[PDB]
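Asker: The following block contains the structure, expressed as structure tokens.
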Amino acid sequence: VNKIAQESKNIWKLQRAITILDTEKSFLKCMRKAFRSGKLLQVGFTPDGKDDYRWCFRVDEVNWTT
Amino acid sequence: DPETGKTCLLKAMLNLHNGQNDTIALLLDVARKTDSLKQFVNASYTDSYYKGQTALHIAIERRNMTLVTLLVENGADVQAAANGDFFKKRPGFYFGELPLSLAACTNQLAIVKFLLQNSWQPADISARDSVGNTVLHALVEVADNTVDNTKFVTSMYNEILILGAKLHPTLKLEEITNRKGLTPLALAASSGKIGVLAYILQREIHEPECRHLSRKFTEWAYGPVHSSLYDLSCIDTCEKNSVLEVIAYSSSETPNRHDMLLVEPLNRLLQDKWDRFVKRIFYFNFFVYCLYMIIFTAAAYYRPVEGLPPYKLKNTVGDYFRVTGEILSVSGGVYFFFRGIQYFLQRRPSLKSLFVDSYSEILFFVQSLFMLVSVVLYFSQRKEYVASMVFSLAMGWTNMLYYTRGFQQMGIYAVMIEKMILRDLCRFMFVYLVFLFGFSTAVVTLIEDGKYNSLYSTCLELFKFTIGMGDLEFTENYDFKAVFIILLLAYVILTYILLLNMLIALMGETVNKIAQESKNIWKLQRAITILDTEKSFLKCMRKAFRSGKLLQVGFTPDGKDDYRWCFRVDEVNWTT
Ligand SMILES: CCCCCCCCCCCCC(=O)O[C@@H](COC(=O)CCC)COP(=O)(O)O[C@H]1[C@H](O)[C@@H](O)[C@@H](O)[C@@H](O)[C@@H]1O
């Protein structure tokens with residue numbers, strides 16, 4: 001009626017997540033370039049005079065309601 | 001800057017606070033006093049990523065009316081085209097490359113009106129970008145069929161059309177085609193913009209001097225009853241891209257392919273076409289196919305049982321009727337063969353649409369191929385021509401289900417059969433075949449002789465269990481008996497688990513999914529049938545117009561009359 005479809009989709013997503021983590025954890029060839037979008041200058045103004053880089057992830061979106 | 005060509009004015013405009021930056025006026029005044037202002041105000045980027053962007057685009061983007069007014073007053077070119085990679089189809093935003101299209105697409109009506117009818121430099125309402133898209137094409141392009149998007153896009157479209165009518169009474173904006181040869185209506189139909197199509201097909205504009213822009217009119221009104229007229233211009237036929245042809249012959253990637261035929265004029269037009277002349281032709285074709293299959297069956301039933309064809313004919317009645325039937329069957333086969341070739345050449349599919357659409361053409365073509373192979377084997381002195389012939393005969397009966405369309409209930413039933421086979425049975429059969437092959441190999445390995453000496457025989461024997469015709473007697477004296485029993489019990493239990501899971505999985509789909517889909521898929525199939533019948537038509541007389549040539553307004557902006565081939569619909573409303 002409702003249960004099994006939603007439950008099974010989320011369980012499959014969890015299974016694929018475990019597969020991804022297990023794949024990148026061992027990998028048997030020593031590739032360390034698992035990082036994401038890069039050291040973007042997030043703010044550049046810490047409470048001190050220094051700057052910050054955070055290994056950010058980009059997401060783009062559209063909103064027509066202002 | 002030398003890298004991008006950005007100047008001081010652009011830097012000042014990109015870094016203003018609370019809508020104000022005093023540096024801009026100082027720059028403009030100093031530019032005016034030095035030598036001139038035209039080369040300074042119209043500065044633009046030179047880098048490829050933001051190529052062509054100038055001050056007007058930034059002013060419009062910031063929603064600052066004062067900067068727009070001042071830039072236009074100072075001689076900025078309102079027809080500047082920004083055609084960088086960021087401004088066309090990665091990150092980006094396509095708005096038609098022009099400030100007028102930019103103002104229209106951002107829902108800034110005041111800037112649109114100012115650009116159209118300012119005192120210094122009015123904008124060209126009929127201008128086209130690099131792709132050939134006008135402002136209305138841009139408005140169609142930025143639609144995503146959501147509620148607020150539909151509201152603002154529809155309102156802006158209506159306002160721009162009325163203003164264009166007022167400024168240029170002799171200009172027909174909707175007749176301007178882009179590089180692909182599409183008008184805004186054809187673009188909306190091909191792209192699946194349901195909301196824009198629904199707005200355009202039945203818009204009513206009741207205002208002085210511009211009511212000729214309407215497509216839905218009122219013929220007369222009694223009290224609760226009244227009669228309305230729909231335009232049908234470029235809906236039925238226009239020789240380039242009609243709405244019905246564009247919707248019906250789409251490539252199946254359009255989002256709203258099934259729903260675009262439910263808008264008010266098209267459903268009634270298709271039903272009228274079905275009831276008028278197409279129904280009789282469809283029934284006649286079904287009758288002829290039935291006669292063909294009866295003759296083929298009778299000719300195949302009474303074949304001779306001698307060896308080494310071809311067979312001689314005796315001076316007797318039965319042989320004459322038999323050979324007549326054979327000749328007619330071969331004629332039908334080659335007819336369907338050439339029809340299939342004509343379909344493939346006239347549509348030019350790319351093997352994706354055939355994979356997900358147009359199955360009946362493939363099945364009829366395969367039937368004809370089997371018939372041709374039968375003929376070739378017959379004249380080559382082979383007995384195997386029978387083996388091909390029966391495969392053309394059996395298919396010849398199942399293809400008769402094609403004619404279940406034209407009857408609503410059987411059509412929905414057949415559509416449900418089709419979708420069940422193509423969605424769920426494939427997923428079932430993959431897993432079932434894996435299990436069957438695995439256990440067949442195990443059984444052949446365990447027992448090397450005595451009905452399990454080959455993989456084919458073992459596969460058949462294990463398949464028999466799935467249909468309730470198994471064999472668990474265990475009469476033979478095998479070496480590995482009592483291990484065989486465990487394997488067979490495990491196989492049976494797993495197979496019935498799989499069948500149970502399939503059955504239950506098909507119950508979650510009966511939550512009012514297949515019925516709503518089928519109700520529209522059948523209608524799309526009937527529409528394709530109607531269009532094909534119109535196209536072939538085998539009469540060479542095209543006087544069968546659909547709704548008659550009525551006078552609709554009789555008064556264009558010029559004094560000439562206005563006839564439009566309108567379609568009548570009666571309506572009743574008790575709420576006033
Ligand atoms: C001896 C061995 C015999 C094997 C025969 C097996 C059963 C034959 C049954 C024959 C029925 C004929 C028929 O009606 O064909 C069926 C296809 O059934 C199958 O799945 C066959 C699997 C191959 C419907 O296909 P249709 O041509 O209507 O295409 C649809 C478009 O029209 C529509 O606009 C939509 O785009 C929609 O998405 C499309 O699907």
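Labeling convention for the structure tokens: chains A, B, ... as they appear, residues from 1 per chain, ligands from 1 in order of appearance.
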Which chains and residue numbers are within 9 Å of ligand 1, counting only C-alpha atoms and all ligand atoms, if I want them as a VMD selection string?
Answerer: chain B and resid 248 to 249 251 to 252 257 to 258 353 to 354 356 to 364 390 to 405 411 414 to 415 417 to 422 521 to 529
Asker: Show me, as a PyMOL selection string, the residues of chain A whose atoms get within 10 Å of chain B, using only C-alpha atoms for the distance check.
Answerer: chain A and resi 1-5+60+63-65
Asker: Just the residues within 12 Å of residue 446 in chain B, please, counting only C-alpha atoms, with nothing from its chain fewer than 6 positions along; format it as a PDB file with C-alpha atoms, in the first residue's frame.
Answerer:
```pdb
ATOM      1  CA  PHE B 439      20.827 -24.983 -10.863  1.00  0.00           C
ATOM      2  CA  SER B 440      20.874 -26.647 -14.295  1.00  0.00           C
ATOM      3  CA  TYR B 452      20.579 -34.977 -17.167  1.00  0.00           C
ATOM      4  CA  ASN B 453      23.391 -35.635 -19.649  1.00  0.00           C
ATOM      5  CA  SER B 454      23.004 -32.244 -21.369  1.00  0.00           C
ATOM      6  CA  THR B 458      18.175 -30.353 -17.750  1.00  0.00           C
ATOM      7  CA  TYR B 478      21.675 -42.608  -9.511  1.00  0.00           C
ATOM      8  CA  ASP B 479      25.021 -42.425  -7.728  1.00  0.00           C
ATOM      9  CA  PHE B 480      24.270 -39.098  -5.983  1.00  0.00           C
ATOM     10  CA  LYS B 481      20.656 -39.709  -5.013  1.00  0.00           C
ATOM     11  CA  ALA B 482      19.577 -37.982  -1.768  1.00  0.00           C
ATOM     12  CA  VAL B 483      21.773 -35.033  -2.750  1.00  0.00           C
ATOM     13  CA  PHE B 484      19.686 -34.490  -5.882  1.00  0.00           C
ATOM     14  CA  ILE B 485      16.543 -34.269  -3.725  1.00  0.00           C
ATOM     15  CA  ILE B 486      17.962 -31.395  -1.658  1.00  0.00           C
ATOM     16  CA  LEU B 487      18.874 -29.427  -4.792  1.00  0.00           C
ATOM     17  CA  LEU B 488      15.431 -29.914  -6.322  1.00  0.00           C
TER      18      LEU B 488
END
```
Asker: Extract, using only C-alpha atoms, all DNA, RNA and protein residues at most 9 Å from residue 6 in chain B, discarding same-chain residues fewer than 3 positions from it, and format them as an MDAnalysis selection string.
Answerer: chainID B and resid 1:3 9:11 43:46
Asker: Between B:23, B:408, B:324, B:329, which is the closest to residue 389 in chain B once you count only C-alpha atoms?
Answerer: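 Closest residue, counting only C-alpha atoms: B:329.
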Asker: Tell me which protein, DNA and RNA residues are within 10 Å of residue 36 in chain A, counting only C-alpha atoms, leaving out same-chain ones fewer than 3 positions away, and put them as a ChimeraX atom specification.
Answerer: /A:33,39,55-58
Asker: What would the file look like if the residues just selected were written as a tab-separated table (two decimals), in the first residue's frame with C-alpha atoms?
Answerer:
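Below is the file that was written, selection_24.tsv:
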```
chain	number	residue	atom	x	y	z
A	33	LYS	CA	42.64	12.30	-4.89
A	39	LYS	CA	40.26	24.90	-1.61
A	55	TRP	CA	37.24	22.15	0.53
A	56	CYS	CA	33.77	23.27	-0.48
A	57	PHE	CA	31.06	21.61	-2.61
A	58	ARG	CA	29.08	23.56	-5.22
```
Asker: Would you please work out which residue, of A:42, A:19, A:37, A:6, is nearest to residue 59 in chain A when using only C-alpha atoms?
Answerer: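 Ranking A:42, A:19, A:37, A:6 by distance to residue 59 in chain A, first place goes to A:37.
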Asker: Using only C-alpha atoms, which residues sit within 12 Å of range 538-550 of chain B once same-chain residues fewer than 5 positions away are excluded, as a CSV table (one decimal) with N, CA and C atoms, in the first residue's frame?
Answerer:
```csv
chain,number,residue,atom,x,y,z
B,217,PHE,N,-13.1,33.0,-29.3
B,217,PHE,CA,-14.1,34.0,-29.5
B,217,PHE,C,-15.5,33.4,-29.1
B,219,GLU,N,-19.4,33.2,-30.3
B,219,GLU,CA,-20.3,33.4,-31.5
B,219,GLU,C,-21.6,34.0,-31.1
B,229,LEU,N,-15.9,29.8,-30.4
B,229,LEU,CA,-15.1,29.5,-31.6
B,229,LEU,C,-13.6,29.4,-31.2
B,230,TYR,N,-13.0,28.4,-31.7
B,230,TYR,CA,-11.5,28.3,-31.6
B,230,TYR,C,-10.8,28.4,-33.0
B,231,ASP,N,-9.7,29.0,-33.0
B,231,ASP,CA,-9.1,29.5,-34.2
B,231,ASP,C,-8.6,28.3,-35.2
B,232,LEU,N,-7.9,27.4,-34.6
B,232,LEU,CA,-7.4,26.2,-35.4
B,232,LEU,C,-6.4,26.6,-36.5
B,233,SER,N,-5.9,27.8,-36.5
B,233,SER,CA,-4.8,28.2,-37.4
B,233,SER,C,-3.5,27.6,-36.9
B,235,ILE,N,-3.1,24.5,-36.3
B,235,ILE,CA,-3.3,23.3,-35.4
B,235,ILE,C,-3.6,22.1,-36.3
B,236,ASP,N,-4.4,22.2,-37.3
B,236,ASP,CA,-4.7,21.1,-38.2
B,236,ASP,C,-3.7,20.9,-39.2
B,237,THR,N,-3.4,21.9,-40.0
B,237,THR,CA,-2.4,21.9,-41.1
B,237,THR,C,-1.8,23.2,-41.4
B,265,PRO,N,-9.3,22.4,-27.1
B,265,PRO,CA,-9.6,22.2,-28.6
B,265,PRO,C,-9.1,20.9,-29.2
B,268,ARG,N,-11.3,17.5,-28.6
B,268,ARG,CA,-12.6,17.6,-29.4
B,268,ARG,C,-12.3,17.5,-30.9
B,269,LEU,N,-11.2,18.1,-31.4
B,269,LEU,CA,-10.9,18.0,-32.8
B,269,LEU,C,-10.5,16.6,-33.2
B,270,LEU,N,-9.8,15.9,-32.3
B,270,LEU,CA,-9.4,14.5,-32.6
B,270,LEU,C,-10.6,13.6,-32.6
B,271,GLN,N,-11.5,13.8,-31.6
B,271,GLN,CA,-12.7,13.0,-31.5
B,271,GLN,C,-13.6,13.2,-32.8
B,272,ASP,N,-13.7,14.5,-33.2
B,272,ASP,CA,-14.5,14.8,-34.4
B,272,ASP,C,-13.9,14.1,-35.6
B,273,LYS,N,-12.6,14.2,-35.7
B,273,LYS,CA,-11.9,13.5,-36.9
B,273,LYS,C,-12.2,12.0,-36.9
B,274,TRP,N,-12.1,11.4,-35.7
B,274,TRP,CA,-12.4,10.0,-35.6
B,274,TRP,C,-13.8,9.7,-36.0
B,275,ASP,N,-14.8,10.4,-35.5
B,275,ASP,CA,-16.2,10.1,-35.8
B,275,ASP,C,-16.5,10.5,-37.2
B,276,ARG,N,-15.8,11.3,-37.9
B,276,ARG,CA,-16.2,11.8,-39.2
B,276,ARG,C,-15.9,10.8,-40.3
B,277,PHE,N,-14.6,10.5,-40.5
B,277,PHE,CA,-14.3,9.7,-41.7
B,277,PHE,C,-13.2,8.6,-41.4
B,278,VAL,N,-12.6,8.6,-40.3
B,278,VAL,CA,-11.4,7.7,-40.0
B,278,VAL,C,-11.9,6.3,-39.5
B,281,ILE,N,-12.7,3.7,-42.3
B,281,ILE,CA,-11.4,3.2,-42.9
B,281,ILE,C,-10.7,2.2,-42.0
B,532,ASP,N,-1.8,9.2,-39.6
B,532,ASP,CA,-1.3,8.4,-40.6
B,532,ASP,C,-2.4,8.2,-41.7
B,533,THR,N,-3.7,8.0,-41.3
B,533,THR,CA,-4.8,7.8,-42.2
B,533,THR,C,-4.9,9.1,-43.1
B,561,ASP,N,-11.5,41.8,-44.4
B,561,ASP,CA,-12.2,40.9,-43.6
B,561,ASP,C,-11.2,40.0,-42.8
B,562,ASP,N,-11.8,39.0,-42.0
B,562,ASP,CA,-10.9,38.1,-41.2
B,562,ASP,C,-11.7,36.8,-41.1
B,563,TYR,N,-11.3,35.9,-41.9
B,563,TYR,CA,-11.8,34.5,-41.9
B,563,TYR,C,-10.6,33.6,-41.4
B,564,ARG,N,-11.0,32.6,-40.6
B,564,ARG,CA,-10.0,31.8,-39.8
B,564,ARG,C,-10.2,30.3,-39.7
B,565,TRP,N,-11.2,29.8,-40.3
B,565,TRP,CA,-11.5,28.3,-40.2
B,565,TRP,C,-11.7,27.9,-38.8
B,566,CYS,N,-12.7,28.4,-38.2
B,566,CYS,CA,-12.9,28.2,-36.7
B,566,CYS,C,-13.7,26.9,-36.4
B,567,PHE,N,-13.6,26.5,-35.2
B,567,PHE,CA,-14.2,25.2,-34.7
B,567,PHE,C,-15.1,25.6,-33.5
B,568,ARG,N,-16.4,25.1,-33.6
B,568,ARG,CA,-17.5,25.5,-32.7
B,568,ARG,C,-17.6,24.6,-31.5
B,569,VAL,N,-17.7,25.1,-30.3
B,569,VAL,CA,-18.0,24.4,-29.1
B,569,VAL,C,-19.1,25.1,-28.3
```
Asker: Please report, as number ranges by chain, each residue of range 373-504 of chain B to which DSSP assigns helix (DSSP H, G or I) when run on this structure's backbone.
Answerer: B: 373-379, 385-404, 408-446, 455-466, 484-504
Asker: I need the chosen residues saved as a CSV table (one decimal), in the first residue's frame, with C-alpha atoms.
Answerer:
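Contents of out-v5.csv, freshly written:
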```
chain,number,residue,atom,x,y,z
B,373,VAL,CA,12.6,-16.7,-46.1
B,374,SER,CA,9.8,-19.3,-46.5
B,375,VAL,CA,9.6,-18.4,-50.2
B,376,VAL,CA,13.3,-18.6,-50.7
B,377,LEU,CA,13.5,-22.0,-49.0
B,378,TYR,CA,10.5,-23.3,-51.0
B,379,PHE,CA,12.1,-22.6,-54.4
B,385,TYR,CA,10.4,-23.9,-45.6
B,386,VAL,CA,7.6,-25.2,-43.3
B,387,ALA,CA,9.5,-24.3,-40.2
B,388,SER,CA,9.7,-20.6,-41.2
B,389,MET,CA,6.1,-20.6,-42.5
B,390,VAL,CA,4.5,-21.5,-39.2
B,391,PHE,CA,6.5,-18.8,-37.5
B,392,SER,CA,4.9,-16.3,-39.9
B,393,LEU,CA,1.5,-17.9,-39.3
B,394,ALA,CA,1.5,-17.7,-35.5
B,395,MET,CA,2.8,-14.1,-35.4
B,396,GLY,CA,0.2,-13.3,-38.0
B,397,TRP,CA,-2.5,-14.0,-35.4
B,398,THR,CA,-1.0,-12.2,-32.5
B,399,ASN,CA,-0.4,-9.1,-34.5
B,400,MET,CA,-4.2,-8.9,-34.8
B,401,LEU,CA,-4.2,-7.4,-31.3
B,402,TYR,CA,-3.0,-4.2,-33.0
B,403,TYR,CA,-6.6,-3.6,-34.1
B,404,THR,CA,-7.8,-3.5,-30.5
B,408,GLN,CA,-11.6,2.0,-25.9
B,409,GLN,CA,-11.8,-0.9,-23.4
B,410,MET,CA,-9.8,-3.4,-25.5
B,411,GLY,CA,-7.3,-0.6,-26.3
B,412,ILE,CA,-6.7,0.1,-22.6
B,413,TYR,CA,-6.4,-3.6,-22.0
B,414,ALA,CA,-3.8,-4.1,-24.7
B,415,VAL,CA,-1.8,-1.0,-23.5
B,416,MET,CA,-1.8,-2.6,-20.0
B,417,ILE,CA,-0.5,-5.9,-21.5
B,418,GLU,CA,2.3,-4.0,-23.4
B,419,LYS,CA,3.5,-2.0,-20.4
B,420,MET,CA,3.4,-5.0,-18.1
B,421,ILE,CA,5.6,-7.0,-20.5
B,422,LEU,CA,8.0,-4.2,-21.1
B,423,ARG,CA,8.3,-3.1,-17.4
B,424,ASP,CA,8.1,-6.0,-14.9
B,425,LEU,CA,8.4,-9.3,-16.9
B,426,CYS,CA,12.0,-8.3,-18.0
B,427,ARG,CA,13.1,-7.8,-14.4
B,428,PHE,CA,11.5,-11.1,-13.4
B,429,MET,CA,13.0,-13.1,-16.3
B,430,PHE,CA,16.5,-11.9,-15.8
B,431,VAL,CA,16.7,-13.2,-12.2
B,432,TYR,CA,14.7,-16.4,-13.1
B,433,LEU,CA,17.1,-17.2,-16.0
B,434,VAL,CA,20.1,-16.7,-13.7
B,435,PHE,CA,18.7,-19.1,-11.1
B,436,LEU,CA,17.6,-21.7,-13.7
B,437,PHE,CA,21.0,-21.7,-15.4
B,438,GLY,CA,22.9,-22.0,-12.1
B,439,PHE,CA,20.8,-25.0,-10.9
B,440,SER,CA,20.9,-26.6,-14.3
B,441,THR,CA,24.7,-26.6,-14.3
B,442,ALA,CA,24.7,-28.0,-10.8
B,443,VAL,CA,22.4,-30.8,-11.6
B,444,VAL,CA,24.2,-31.8,-14.8
B,445,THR,CA,27.5,-31.8,-12.9
B,446,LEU,CA,26.0,-33.9,-10.1
B,455,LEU,CA,22.3,-28.7,-20.3
B,456,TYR,CA,19.4,-28.2,-22.7
B,457,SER,CA,17.5,-31.3,-21.4
B,458,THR,CA,18.2,-30.4,-17.8
B,459,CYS,CA,17.0,-26.8,-18.4
B,460,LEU,CA,13.7,-28.1,-19.8
B,461,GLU,CA,13.2,-30.5,-17.0
B,462,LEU,CA,13.8,-27.8,-14.4
B,463,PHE,CA,11.5,-25.4,-16.3
B,464,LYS,CA,8.7,-27.9,-16.1
B,465,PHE,CA,8.6,-27.4,-12.3
B,466,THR,CA,7.7,-23.7,-12.8
B,484,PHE,CA,19.7,-34.5,-5.9
B,485,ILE,CA,16.5,-34.3,-3.7
B,486,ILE,CA,18.0,-31.4,-1.7
B,487,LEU,CA,18.9,-29.4,-4.8
B,488,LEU,CA,15.4,-29.9,-6.3
B,489,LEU,CA,13.6,-28.9,-3.1
B,490,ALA,CA,15.8,-25.7,-2.8
B,491,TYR,CA,15.2,-24.9,-6.5
B,492,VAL,CA,11.4,-25.2,-6.1
B,493,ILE,CA,11.3,-23.1,-3.0
B,494,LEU,CA,13.4,-20.3,-4.5
B,495,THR,CA,11.4,-20.3,-7.7
B,496,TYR,CA,8.1,-19.9,-5.9
B,497,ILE,CA,9.6,-17.1,-3.8
B,498,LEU,CA,10.5,-15.3,-7.0
B,499,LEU,CA,7.1,-15.8,-8.5
B,500,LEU,CA,5.5,-14.6,-5.3
B,501,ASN,CA,7.7,-11.5,-5.2
B,502,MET,CA,6.8,-10.7,-8.9
B,503,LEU,CA,3.1,-11.0,-8.1
B,504,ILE,CA,3.3,-8.8,-5.1
```
Asker: Suppose you want the space between CA of residue 327 in chain B and CA of residue 384 in chain B; what is it in Å?
Answerer: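 Those two atoms sit 19.1 Å apart.
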Asker: Go ahead and compute the interatomic distance for CA of residue 165 in chain B and CA of residue 104 in chain B, in Å to one decimal.
Answerer: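 A separation of 16.6 Å between them.
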Asker: Could you check how far CA of residue 137 in chain B sits from CA of residue 264 in chain B, in Å to one decimal?
Answerer: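 The value is 23.4 Å.
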Asker: I want to know what sits within 7 Å of range 308-316 of chain B, based on only C-alpha atoms, with residues of the same chain fewer than 2 positions away left out; could you give that as a VMD selection string?
Answerer: chain B and resid 318 to 320 378 to 379 381 to 383
